[PDB]
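One-letter residues, chain by chain:
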Amino acid sequence: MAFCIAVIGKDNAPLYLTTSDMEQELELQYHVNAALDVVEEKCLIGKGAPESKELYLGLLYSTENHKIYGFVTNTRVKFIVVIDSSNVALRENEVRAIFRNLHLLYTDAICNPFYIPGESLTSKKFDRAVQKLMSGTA
Amino acid sequence: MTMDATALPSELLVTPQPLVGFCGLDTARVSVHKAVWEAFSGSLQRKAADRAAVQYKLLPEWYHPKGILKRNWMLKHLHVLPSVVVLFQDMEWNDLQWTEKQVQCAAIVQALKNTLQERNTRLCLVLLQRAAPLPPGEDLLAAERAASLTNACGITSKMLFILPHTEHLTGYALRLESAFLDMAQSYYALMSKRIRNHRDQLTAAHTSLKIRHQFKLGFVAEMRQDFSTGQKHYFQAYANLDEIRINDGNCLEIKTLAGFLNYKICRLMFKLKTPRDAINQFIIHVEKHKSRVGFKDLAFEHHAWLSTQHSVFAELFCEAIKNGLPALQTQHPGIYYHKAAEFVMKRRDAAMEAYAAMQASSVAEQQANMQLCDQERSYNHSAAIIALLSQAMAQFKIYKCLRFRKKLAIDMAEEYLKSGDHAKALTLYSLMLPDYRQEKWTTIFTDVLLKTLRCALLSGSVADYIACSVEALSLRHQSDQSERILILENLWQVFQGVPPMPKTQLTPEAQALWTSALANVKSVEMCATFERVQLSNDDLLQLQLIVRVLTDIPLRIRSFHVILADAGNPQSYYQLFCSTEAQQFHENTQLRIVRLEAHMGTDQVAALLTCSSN
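Conventions and cut-offs
- Residues numbered from 1 in each chain as written, not as in the entry; some residues may be left out.
- Chains lettered and ligands numbered in written order.
- Part of a larger assembly, values for the part shown.
- Heavy atoms only, no water.
- Helix = DSSP H or I, 4+ residues; strand = E, 2+ residues; numbered from the N terminus.
- Rg over C-alpha atoms; globule rule 2.2 N^0.38 Å.
- Buried < 20%, exposed > 50% of the residue type's maximum accessible area, 1.4 Å probe, protein only.
- Areas by Shrake-Rupley, 256 points an atom, 1.4 Å probe, with all protein chains shown as cover.
- Core = buried A, V, L, I, M, F, W, Y, C linked by side-chain atoms within 4.5 Å.
- Pairing = 2+ DSSP bridges.
- Contact = heavy atoms within 4.5 Å.
- Buried area = accessible area lost by both parts, 1.4 Å probe.
- Salt bridge = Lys/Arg side-chain N within 4 Å of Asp/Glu carboxyl O.
- Expected span 1.5 Å × (residues − 1).
- Arc of directions from axis to C-beta.
- 1 Å grid on protein atoms, 1.4 Å probe; cavity = no way out; pocket = protein on both sides within 12 Å on 5 of 7 lines; lining within 4 Å.
- Points joined across faces, edges and corners; volume = space filled by probe spheres on them.
- Nonpolar A, V, L, I, M, F, W, Y, C, P; charged D, E, K, R; others polar.
- Patch = residues over 30% accessible without salt bridge, like charges linked within 9 Å, V, L, I, M, F, W, Y side chains within 5 Å.
- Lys, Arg positive; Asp, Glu negative; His and termini not counted.
- Charge placed at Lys NZ, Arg CZ, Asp CG, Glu CD.
- Right-handed = clockwise from strand over helix to strand, strands pointing away.
- Axes fitted to C-alpha atoms, helices over the stretch in contact; angles between N-to-C directions.

If you check the header, you'll see the entry was determined by cryo-EM and the resolution is listed as 4 Å.

Structure representation (structure tokens):
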């Protein structure tokens, strides 16, 4: 149940840790997972990947053992976790709740005045926020 | 019974169509018959619907079924037995020639029907006329002709036809098309009657015969444009295939039958504008078949078939596009191309260890496995990966996709490296760096960069080598420091001609490559700082640009040049004495730097991070 967390800026990715419930993501797709995203954009973007809505993307992108669920804000930020489970008994409702949680944690890291927006997430606090998310919902 | 139902790969991949044949003829009769033949092919010229679907062959323990027992009987059912046969001569009333042609045409059609009876194809008689049209009801000798010829062979009067000149020959060839269609369809319905009356009986639960019957009737329905009864029969045959639980390692014949009927059902769906049905079918089938095999699994198995299966399904997609079904494309255009590609990569890998196990030692059927090993050695070409990714890339571009084409392109380049043809790989990588640099995904960028350097060093393309090396220098903080140092010293070496030290990493051939080069090859992030742009009437400017070095390991301080910008008139930090500008020119003057001309340690950067204006 690997949640490759990836916040994206306008184009580039501020934070994309490789963590889950149990321990780190061994699988060596990381930089090319971001490359999955650069095909989720410039391809699976359509006219749609950016919107003006709190974005429910139930499986905007899918593949074996790797299922992308997306979100976008008016500030053009791309919020994406991946369902790395061919299937587990978790239904999209808790996924919506998880994007609520991720929204809030990201924007509360945003609450820092020191951290300039669009840079690598320095906050070990926003880290542990993401980390609790992964340890809980993976 | 124990033999395979059917063994034909790519059976009737072409659209099945009605097929009428007739006896081979010499060049001069066919020379008169030319106009008739291109009248036939005018349907090819005209639109396909206006074309009659028919085609022209032009030839010279229950008991087992007739015509259905064999796969070769089956292949015969395809084309070897046209459902219509027409004997071609000219109808020409004469005095003695008339009688001669009567006797000969009667005898030849006699032999022809002797041939055609068992195969049940009816033999329609159509004869050419170049003479003036005959008014029906005027010639009683024509009546006698009809009587004699009809009683010559039992072919009825209505079957007899006349071939007029082109202005009429066009419409009469068309009505001939219609009659041939009708009698072929009557034949096919009869043949299906045969099938069904066979089907009522059973050989005590073999059901392979049942599959053959459904598949034969699939021929029939597909042939008759029914498109439906055949697909139902295919469904039922596949189901009864399933109820046959796998006895033993002979899963391959099952999987081949599955692939056959799977193509059939999917394409028949696509004919019927049922894309969702086809998608669900193919997925269901492919994961069923993934779950199918447990052993042997000689790594020939499950790889080649799966790749081919994806290949065929993308081909069906393209067929659909030709038809015009964009519902499946708007979701994903080239779905299974690169799945097939990854499967053929897996196949090459499987071949690697198949070799390895073959080196282990090598009493029954083992020699067959040996020839298997050799045949898949023939398959070690793996350019099929290249072709599959080619199609995948094109199709991805079809729906405005850049990265999947970009990532499969990196897969192409890496397999080129495995191909050894590093030249094409470096060509690809050369195209692929800019987009990654714009994309800013700092993870992937260096990850492809190290491979791109590998290609540059193997190729000896020292120009690209130094350019990618200096861009790596500019921000090389992710990698280890000593490696940055080695890169820099190798760079200085090659600017002044010295080969790089990883000699064990290099090979004598590549040594020749880059020793040969540099005959044409000629000519860390820092900032340009101009104290005074928009010059006035009198001033001076010295070294104010500040050469910051992002790299840890210092750039060696020997020399440097700046080329005086032509804007207007032609003319740990290190701050030094260079200080080029010391003269006077016209005012309102601005400056802008093309490249560093970085003669600090190296000769010049060759990569444009020498920003003009920040």
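So much for the structure itself; the text now carries on.
> Could you give me a rundown of the overall build of chain A, with the residues and numbers involved?
The secondary structure content of chain A amounts to 3 helices and 4 strands. Reading the secondary structure of chain A in the N-to-C direction produces β-α-β-β-β-α-α. Radius of gyration (C-alpha) of chain A: 14 Å, near the 14 Å computed for a compact globule of 138 residues. The C-alpha extent of chain A, read off along each of the three principal axes, is 40 × 35 × 30 Å.

> Help me get a handle on the overall build of chain B, residues and values and all.
Check the secondary structure of chain B and you find 21 helices and 7 strands. What you see for chain B is a C-alpha radius of gyration of 38 Å, clearly larger than the 25 Å of a compact globule of 614 residues, by over 25%. The C-alpha extent of chain B, read off along each of the three principal axes, is 120 × 70 × 45 Å. Buried positions account for 41% of the 614 residues belonging to chain B. Only carbon and sulfur atoms are counted for the fraction: they give 62% of the accessible area of chain B, which is about 32200 Å².

> Please provide a residue-by-residue account of the nonpolar core, values included.
One finds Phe126(A) and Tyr429(B) to be the most contacted residues of the largest nonpolar core, which totals 104 residues. In terms of nonpolar packing, the next biggest core, distinct from the first, is built from 41 residues, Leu116(B), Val126(B), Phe180(B) and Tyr188(B) among them.

> Which residues make up the sheet that holds strand β4 (residues 122–128) of chain B, and what are the values?
Each strand in a sheet pairs with its neighbour through backbone hydrogen bonds, running either in the same direction (parallel) or in the opposite one (antiparallel). All names here are of chain B. Taken in spatial order, the 5 strands make up an open sheet running β2-β1-β3-β4-β5, and their pairing is parallel. Here the strands that pair on one side only, and so sit at the sheet edges, are β2 (55–56) and β5 (161–163). One ladder, built from 3 bridges, connects β4 with β5; its direction is parallel. In the strand pairing of β5, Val126 is matched with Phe161.

> For unusual backbone geometry, give the residues involved together with the corresponding values.
Residues and elements named next belong to chain B. The step from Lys296 to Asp297 runs through a cis peptide bond, and the omega angle for that step is 15°. Counting through the fold element by element, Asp297 comes out in the loop between α10 (275–292) and α11 (304–323). The backbone of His302 sits at a positive phi, close to 75°, despite the residue not being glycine. Relative accessible area serves as the criterion here: at 12%, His302 is assigned to the buried category.

> Go over the interface of chain A and chain B with me, naming the residues and quoting the values.
Between chain A and chain B, the contact holds 17 residues from the first and 16 residues from the second. For the pair chain A and chain B, the two sides together bury roughly 1300 Å², of which 60% comes from carbon and sulfur. Summed over the three residues of chain A that lose the most area to chain B, namely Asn12(A), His31(A) and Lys42(A), the buried surface amounts to 43% of that side. Run the count over chain A and chain B and you get 0 salt bridges.

> Describe helix α15 (residues 383–398) of chain B, with residues and values.
Residues and elements named next belong to chain B. The end-to-end C-alpha distance of α15 is 23 Å, a good match for the 22 Å that 16 residues give at a rise of 1.5 Å each. Buried within α15 we find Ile385, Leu388, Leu389, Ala392, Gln395 and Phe396. Taken around the axis of α15, the buried residues stretch over an arc of 125°, which confines them to a single face. Looking at the buried side of α15, the elements it contacts are α11, α12 (327–331), α13 (335–358) and α16 (403–419).

> Which residues make up empty space enclosed by the protein, and what are the values?
Residue and element names in this part refer to chain A. The calculated volume of the second largest cavity comes to roughly 140 Å³. If you trace the second largest cavity, you find 16 residues lining it, with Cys4, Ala6, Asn33, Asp37 and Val82 closest to the centre. Among the secondary structure elements, those contributing two or more residues to the lining of the second largest cavity are α1 (30–40) and β4 (78–83). Residue classes in the lining of the second largest cavity are distributed as 12 nonpolar, 2 polar and 2 charged.

> For the layout of surface pockets, give the residues involved together with the corresponding values.
Residues and elements named next belong to chain B. There is about 1400 Å³ of room inside the second largest pocket. The wall of the second largest pocket is formed by 49 residues, among which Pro9, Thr256, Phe260, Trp305 and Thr308 lie closest to the centre. Every element with two or more residues in the lining of the second largest pocket is listed here: α9 (251–271), α11, α13, α14 (366–378) and α15. Here the lining of the second largest pocket takes 12 residues from α11, the largest share from any one element.

> Before we move on, could you go through a positive patch on the surface and cite the residues and values that matter?
Residue and element names in this part refer to chain A. Among the surface-exposed residues, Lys124, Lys125, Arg128 and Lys132 lie close enough to one another that they form a single positively charged patch. Within the secondary structure, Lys132 sits in helix α3 (residues 124–137). Residue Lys132 is classed as partly exposed on the basis of its relative accessible area of 45%.

> Can you break down the pairing of strand β3 (residues 84–87) of chain B residue by residue, with the values?
Residue and element names in this part refer to chain B. Where burial is concerned, the two faces of β3 agree: the one with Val84 and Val86 and the one with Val85 and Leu87 are both buried. In the sheet, β3 pairs with β4 via 4 bridges, with the strands oriented parallel. The partner of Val85 across the bridge, within β4, is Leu123. In this fold, β3 hands off to helix α4 (residues 97–119), which returns the chain to β4; that crossover is right-handed.

> Which residues make up the pairing of β4(B), and what values go with them?
Among the 7 residues of β4(B), 6 are classified as buried, and the element is accordingly described as predominantly covered. Note on the crossover from β4(B) through helix α5 (residues 140–153) of chain B to β5(B): the handedness is right-handed.

> Explain the pattern of salt bridges to me, using residue names and the numbers behind them.
Residues and elements named next belong to chain B. Following the criterion strictly, the structure yields 12 salt bridges over all chains and no others. The salt bridge involving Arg71 is made with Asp4; its shortest N-O contact spans 2.7 Å. Between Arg348 and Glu415 there is a salt bridge, with its nearest N and O atoms 2.6 Å apart. The class for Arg348 is buried, based on a relative accessible area of 15%. Note on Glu415: relative accessible area 8%, which makes it buried.

> Describe the sheet that holds strand β1 (residues 6–8) of chain A, naming the residues involved and giving the relevant values.
All names here are of chain A. With respect to topology, 4 strands assemble into an open sheet ordered β1-β4-β3-β2, the strand pairing being antiparallel. Two strands in the sheet have a free side with no partner beyond their single neighbour: β1 and β2 (57–63). The sheet shows a mean angle of 25° between the axes of neighbouring strands, direction not considered. Both strand β3 (residues 66–72) and β4 contribute to a ladder of 6 bridges, which runs antiparallel. Paired with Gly70 across the strands is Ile80, a residue of β4.

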